[PDB]
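Structure, as structure tokens:
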Amino acid sequence: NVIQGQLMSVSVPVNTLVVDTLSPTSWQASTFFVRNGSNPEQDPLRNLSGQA
Amino acid sequence: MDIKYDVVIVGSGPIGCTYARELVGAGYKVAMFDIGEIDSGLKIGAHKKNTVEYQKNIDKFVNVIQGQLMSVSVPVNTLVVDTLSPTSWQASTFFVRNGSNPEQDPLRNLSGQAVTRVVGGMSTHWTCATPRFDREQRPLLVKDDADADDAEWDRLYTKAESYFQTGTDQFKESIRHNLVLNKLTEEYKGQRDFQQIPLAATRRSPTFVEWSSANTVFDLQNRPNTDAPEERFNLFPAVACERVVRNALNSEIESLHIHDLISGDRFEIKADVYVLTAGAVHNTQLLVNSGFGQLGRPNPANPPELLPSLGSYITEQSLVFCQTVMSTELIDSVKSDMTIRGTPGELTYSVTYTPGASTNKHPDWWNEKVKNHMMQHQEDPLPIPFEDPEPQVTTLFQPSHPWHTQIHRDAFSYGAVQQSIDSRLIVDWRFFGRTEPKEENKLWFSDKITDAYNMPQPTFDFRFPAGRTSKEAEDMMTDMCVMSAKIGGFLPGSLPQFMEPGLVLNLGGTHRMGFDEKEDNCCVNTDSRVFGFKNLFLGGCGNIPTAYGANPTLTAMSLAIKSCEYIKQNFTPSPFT
Amino acid sequence: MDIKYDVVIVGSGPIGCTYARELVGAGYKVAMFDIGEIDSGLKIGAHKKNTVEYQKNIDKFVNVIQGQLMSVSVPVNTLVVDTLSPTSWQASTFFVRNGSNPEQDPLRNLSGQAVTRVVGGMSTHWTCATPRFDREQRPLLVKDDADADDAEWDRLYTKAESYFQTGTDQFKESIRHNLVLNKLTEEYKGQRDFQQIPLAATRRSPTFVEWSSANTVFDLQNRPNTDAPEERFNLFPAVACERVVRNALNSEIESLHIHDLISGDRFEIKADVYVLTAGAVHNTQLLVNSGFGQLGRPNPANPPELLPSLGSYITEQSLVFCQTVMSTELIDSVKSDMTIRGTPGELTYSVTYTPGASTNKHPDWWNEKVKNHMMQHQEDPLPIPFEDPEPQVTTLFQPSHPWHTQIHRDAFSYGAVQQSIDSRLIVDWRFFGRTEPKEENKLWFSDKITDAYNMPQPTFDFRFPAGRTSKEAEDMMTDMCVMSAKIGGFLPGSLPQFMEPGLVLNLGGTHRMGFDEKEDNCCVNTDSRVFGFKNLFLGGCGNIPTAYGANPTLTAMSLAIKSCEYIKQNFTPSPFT
Amino acid sequence: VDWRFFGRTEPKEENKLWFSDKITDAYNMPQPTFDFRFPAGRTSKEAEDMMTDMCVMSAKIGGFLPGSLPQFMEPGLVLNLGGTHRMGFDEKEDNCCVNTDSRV
Ligand SMILES: *Cc1cc2c(cc1C)nc1c(=O)[nH]c(=O)nc-1n2C[C@H](O)[C@H](O)[C@H](O)COP(=O)(O)OP(=O)(O)OC[C@H]1O[C@@H](n2cnc3c(N)ncnc32)[C@H](O)[C@@H]1O
Ligand SMILES: *Cc1cc2c(cc1C)nc1c(=O)[nH]c(=O)nc-1n2C[C@H](O)[C@H](O)[C@H](O)COP(=O)(O)OP(=O)(O)OC[C@H]1O[C@@H](n2cnc3c(N)ncnc32)[C@H](O)[C@@H]1O
């Protein structure tokens with residue numbers, strides 16, 4: 001836990017995971033926009049995703 | 001096979017079988033085609049859970065369901081796998097892989113939508129809940145005369161109920177059923193009514209319920225035969241129906257083009273009357289492949305010549321689910337009338353009640369069952385008999401609670417932790433919302449991508465409409481949370497949740513019914529006849545143009561019966577040759 | 001139902017059907033009973049994956065398998081759920097709940113062991129791998145004469161292979177198949193031989209393989225009929241066979257006691273010859289229910305009067321599994337003979353080869369399929385055709401690698417993340433270990449707990465023996481890790497693993513064969529006749545007394561053929577009157 | 001017992017750490033971006049050979065613990081990144097940033 005708590009990811013690609021079980025009243029974007037500190041420059045397939 | 005029939009039916013689901021029952025019985029020479037195959041035993045198109053093995057191992061049935069539900073539209077997968085060996089081959093893009101549909105926006109899908117290609121269709125696995133729609137949910141059959149409309153619907157529904165063997169008595173003596181029904185009756189006294197879910201089913205024994213199916217409606221046996229020597233019916237399985245051929249005037253269908261999946265041969269089948277009962281998705285596909293509507297991505301700067309409302313105004317219900325573990329109060333109440341003497345497992349253990357006593361909270365039949373269970377199984381900590389049938393409780397859709405409800409048990413895949421909880425404690429909660437028909441909600445078909453049968457690939461463009469539909473959906477979630485708490489707390493791992501869109505499989509309005517094609521934005525009239533066409537009829541949930549929460553099959557069946565009445569008045573059976 | 005037959009067979013799996021084929025064909029009046037029901041379509045007892053829909057949606061078939069595998073013995077569940085609402089009822093103990101078996105030590109179980117109760121038994125869903133055993137794995141039929149023993153096996157196995165339609169040719173022009181086969185052949189040149197897995201199956205088209213089943217062996221249609229006007233056979237589904245009645249002398253069976261599950265009535269059926277082919281578990285259960293062996297927990301202080309070795313020396317195979325993702329080198333090698341000009345998607349893109357070129361690594365049929373795929377699907381990044389069949393590769397058991405191998409694809413439920421990997425890249429690895437027969441490894445039956453059909457509850461006492469069995473199992477794991485690396489790296493989510501004990505469903509030795517009841521610690525002789533009994537025969541994998549890694553069904557069928565030769569020489573068919 | 005085997009990776013010009021001219025990190029500094037694959041050839045072959053070696057060697061001590069089966073870890077989880085500002089004798093000839101005194 002000490003290790004995980006001080007390793008901050010270097011480059012996180014834009015997340016394209018579909019959540020489709022939200023309530024119909026919850027706000028949803030129409031696209032996978034740049035969210036939550038993700039890096040839109042990052043090709044998810046040419047990354048070091050574990051680099052921290 | 002002949003090239004010529006009086007009536008050809010595409011699909012052997014319960015709606016196809018309604019046409020077959022009516023029209024075979026009226027003396028028409030009928031052929032029915034199904035892309036799927038016979039696989040329910042000797043009773044063709046029968047319910048697959050009516051084997052002794054599934055009556056004894058109910059939850060294994062969830063595997064049967066899953067094994068015959070094929071996803072309608074799966075978007076391109078973009079999940080990163082970055083723990084492959086450096087030696088393994090990898091593409092540098094998320095390419096079109098594994099039957100995925102590149103037309104599909106993953107954020108405007110019905111991901112849970114699936115289809116069943118077997119003889120008997122989805123009626124070989126369905127839950128068999130067959131409520132009537134109240135006026136608020138129900139399509140109009142007579143305009144500007146509510147009593148005449150009500151009378152027609154009562155007539156049609158009563159017949160549909162007879163065809164399905166719908167009843168509300170099959171679980172009447174279950175302890176768990178009455179424990180739940182009685183508690184909810186009391187809690188909502190003066191506010192809501194509760195009853196048994198109307199079920200298409202016949203009880204055969206204390207531990208066997210024969211669930212209804214396509215086979216209940218029509219046995220699907222070729223005719224003539226010994227029981228029906230004057231009737232004419234052929235079923236042709238493993239035949240893909242690919243299109244109906246329109247005349248140039250768009251006033252008549254000229255033939256049905258079929259692909260025999262075993263031989264590989266293609267034919268034109270000819271009939272006087274063509275009936276499409278291939279389900280809400282595949283009726284639409286067949287029509288679009290026949291030149292109705294528009295192939296490819298919707299183009300409002302270019303609406304289609306024929307049936308411009310086809311595949312628009314599509315509806316799918318919101319579904320919320322949880323499971324609960326019965327309260328200590330309710331469990332203890334089961335044995336409220338008992339006098340319990342001794343300690344369990346010893347010779348001095350006694351469990352007794354006074355039959356008929358006026359201070360008894362339960363009937364004698366209840367107390368006898370509890371007494372016997374408690375005395376015969378003194379190791380068991382619960383007063384509910386081991387073979388006690390499940391609850392099947394509903395409060396039907398009303399304006400102040402505009403959702404259908406099922407408070408019951410069906411086949412479920414319990415996780416290993418969940419199996420730690422005694423199944424007698426567990427109750428399923430399914431609440432179903434109604435969805436407003438909106439023009440922008442669509443089912444369309446690719447002009448480039450094809451499905452596994454080489455037919456134009458179905459693609460959804462769907463979101464739950466803002467406004468009433470969405471508000472009601474969230475209100476419905478809250479309602480399930482409030483009501484379920486009267487019975488017990490949530491079962492971990494089955495916490496209150498919206499199900500993936502389309503998982504509910506109550507899709508409607510893909511080929512919707514109305515009085516006037518233009519004014520009511522519709523595809524078929526109240527006889528289920530395709531506008532403009534003398535001899536083409538559609539059957540199924542796809543005809544339903546309303547926002548409905550209740551399960552739609554009984555209503556679709558009622559519409560098919562009315563359709564058949566028109567057919568009998570307008571087409572003459574061939575003389576039996 | 002008649003009261004007397006020449007032969008009664010309990011179970012309609014492939015081994016029951018071997019006795020039916022032999023004995024119905026020989027003119028005997030045969031009855032067959034199955035506790036399960038007809039549910040494979042019109043071809044009674046046929047393979048459920050032979051539908052067009054399952055040939056197009058192959059992975060959905062895992063659901064069919066799961067839906068008809070009922071666990072043999074589930075120990076009491078001790079998993080803690082401590083996040084129930086305070087209002088929910090809870091017991092203070094992990095009491096006997098949900099069909100669990102309180103006799104079962106969870107640490108000495110075959111937890112993956114399961115049974116299938118349907119007409120055709122497990123051959124309705126099996127993988128169809130039918131290798132022969134080499135001498136090392138094979139029970140003796142002739143003592144002290146290796147060449148006679150070899151000759152007898154070859155005869156029997158050859159007939160069995162005709163019954164099952166076993167072949168090694170059905171995947172010969174698969175690119176994926178030959179890609180793997182060739183690579184492993186080269187890697188182990190001089191060390192091991194590779195070939196196609198022998199498969200009970202007939203290819204019908206490039207995209208359809210008709211898998212064999214019990215129906216292949218014997219079609220299960222009542223006789224006499226038009227095709228077999230002088231044969232006599234009746235099949236009685238939904239009949240639980242409960243016991244065989246022994247005479248006072250324990251020299252003859254006098255009747256079969258049955259329970260008709262539909263009517264609920266019990267009857268005694270008379271025959272000259274009684275054959276039990278109810279599977280390794282249920283043969284043993286029926287025997288113990290009939291007074292053979294010992295009911296209850298095994299007890300050396302009180303050994304059984306009849307068949308003291310029944311339910312001892314049981315064997316189950318170790319199974320290890322992974323999946324791989326094809327190496328870049330192998331994928332690139334697929335198109336090694338192509339000259340590729342231009343840019344995909346454009347006018348000038350060109351993929352060509354020179355037919356017959358002496359420098360080509362691949363044959364013309366291969367190069368033609370690759371060329372057409374690459375030219376017709378220029379958006380697709382892989383050279384493997386979309387409809388290319390799966391690999392079906394083995395190196396069979398040998399002393400230097402004493403495990404069976406399958407390097408293939410069968411139906412599998414892929415996770416969402418695994419679905420991200422193109423299916424053409426994926427190969428399944430299954431290695432099967434042999435298990436030494438040990439007296440302490442037992443299948444026994446409770447004298448207090450009953451199963452869902454009210455029969456004594458099966459209980460395992462099993463561990464993989466120390467010594468050779470365990471060392472070989474671990475060596476086998478390492479061998480899979482080494483061999484698989486030649487093809488590609490492991491697929492995440494399907495890393496190398498031992499499967500749950502008994503998930504493999506290759507249980508043997510429960511009613512084992514040998515020459516001398518006492519010396520060979522066995523239950524049946526080499527004619528599959530129960531020792532002491534003139535007219536009682538057992539069929540199936542339970543007869544197999546050896547340590548085997550290869551799939552046992554073909555071997556069990558070969559034993560049943562030899563059994564039928566005995567029966568034909570010692571029992572006279574009734575006159576067809 | 002834990003088993004961790006660490007492969008060596010050939011330095012290739014195409015494997016890059018670069019910085020966004022538009023996106024910034026939590027300290028408002030140019031956002032790091034990787035362009036990385038394990039090089040074909042020796043690096044990849046040895047990585048897979050390493051995997052097998054772990055499988056073979058570990059079997060001498062015991063079988064795999066369920067839930068910790070032999071696997072490649074997510075790229076960079078190992079946290080042994082090198083060569084981003086690499087040393088050599090001659091800036092051009094050795095394609096490098098610092099000399100053997102670590103001087104730019
Ligand atoms: C799957 C399911 C469905 C279900 C349910 C629970 C489950 C898990 N619970 C229900 C409930 O409790 N009450 C209710 O009213 N319905 C419930 N359902 C849904 C119900 O099964 C369906 O609404 C009903 O079966 C629809 O009937 P219909 O006859 O219209 O359609 P189908 O059953 O899907 O049959 C269609 C068939 O036609 C075939 N087909 C498809 N395409 C073609 C082509 N091109 N050519 C020839 N035949 C075709 C199919 O193979 C099929 O059999
Ligand atoms: C499940 C399975 C099986 C399998 C396989 C893959 C799976 C997922 N792959 C195999 C393979 O590649 N090669 C091979 O050799 N075997 C493979 N198997 C196993 C194979 O299916 C079995 O070994 C085979 O089916 C055994 O045949 P057998 O005829 O001995 O037994 P059965 O198929 O289990 O059928 C037995 C039947 O008898 C009935 N029964 C049981 N109890 C009773 C009673 N009391 N009364 C009347 N009938 C009874 C069953 O219902 C059943 O049908």
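Values reported hereafter were calculated over all heavy atoms of this structure, with side chains retained and with hydrogens, waters and symmetry mates removed. In what follows, chains are A, B, ... by sequence order, proteins preceding strands, each numbered from 1. Note that ligands are numbered from 1 as they come in the structure, with each ligand's atoms numbered from 1 the same way.
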Query raised in the report: Is the ring centre of B:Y54 less than 6.0 Å from the ring centre of B:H47?
Result: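 So the answer is no for these two rings.
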Query raised in the report: Distance only, no hydrogens: is a donor on one side chain within 3.5 Å (strictly under) of an acceptor on the other, for C:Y19 and C:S563?
Result: yes
Report task. Report the residues that fulfil side-chain hydrogen bond (donor to acceptor under 3.5 Å, both in side chains) with C:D451, sequence neighbours left out, ordered by chain and then residue number. Result ->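 C:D451: side-chain hydrogen bond (donor to acceptor under 3.5 Å, both in side chains) contacts with C:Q285.
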Do any nitrogen or oxygen atoms of ligand 2 lie under 3.5 Å from a protein nitrogen or oxygen, and which ones?
unit_1: ligand 2; atom_1: 9 (N); unit_2: C:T127; atom_2: N; d: 3.2
unit_1: ligand 2; atom_1: 12 (O); unit_2: C:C128; atom_2: N; d: 3.4
unit_1: ligand 2; atom_1: 12 (O); unit_2: C:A129; atom_2: N; d: 3.0
unit_1: ligand 2; atom_1: 13 (N); unit_2: C:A129; atom_2: O; d: 2.8
unit_1: ligand 2; atom_1: 15 (O); unit_2: C:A129; atom_2: O; d: 3.4
unit_1: ligand 2; atom_1: 15 (O); unit_2: C:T553; atom_2: N; d: 3.2
unit_1: ligand 2; atom_1: 15 (O); unit_2: C:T553; atom_2: OG1; d: 2.6
unit_1: ligand 2; atom_1: 16 (N); unit_2: C:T553; atom_2: OG1; d: 3.0
unit_1: ligand 2; atom_1: 23 (O); unit_2: C:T553; atom_2: OG1; d: 3.0
unit_1: ligand 2; atom_1: 29 (O); unit_2: C:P14; atom_2: N; d: 3.3
unit_1: ligand 2; atom_1: 29 (O); unit_2: C:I15; atom_2: N; d: 3.1
unit_1: ligand 2; atom_1: 33 (O); unit_2: C:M122; atom_2: N; d: 2.9
unit_1: ligand 2; atom_1: 45 (N); unit_2: C:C241; atom_2: O; d: 3.0
unit_1: ligand 2; atom_1: 46 (N); unit_2: C:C241; atom_2: N; d: 3.1
unit_1: ligand 2; atom_1: 48 (N); unit_2: C:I35; atom_2: N; d: 3.2
unit_1: ligand 2; atom_1: 51 (O); unit_2: C:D34; atom_2: OD1; d: 2.7
unit_1: ligand 2; atom_1: 53 (O); unit_2: C:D34; atom_2: OD2; d: 2.9
unit_1: ligand 2; atom_1: 53 (O); unit_2: C:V118; atom_2: O; d: 2.7
unit_1: ligand 2; atom_1: 53 (O); unit_2: C:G121; atom_2: N; d: 3.2

Report task. Please lay out, stage by stage, how B:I44 and B:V119 fare under the test side chain to side chain contact (heavy atoms under 4.5 Å, CB included). Result -> CA-CA 7 Å; B:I44 300 166; B:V119 168; 3.6 Å; yes
Query raised in the report: Between C:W126 and C:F164, what is the ring plane arrangement, given parallel below 30°, perpendicular above 60°, and tilted in between?
Result: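 Taking C:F164 first and then C:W126, their aromatic rings sit tilted (interplane angle of 30° to 60°).
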Query raised in the report: Taking the inter-plane angle between the rings of B:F236 and B:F33 on a 0 to 90° scale, is it parallel (under 30°), tilted (30 to 60°) or perpendicular (over 60°)?
Result: parallel
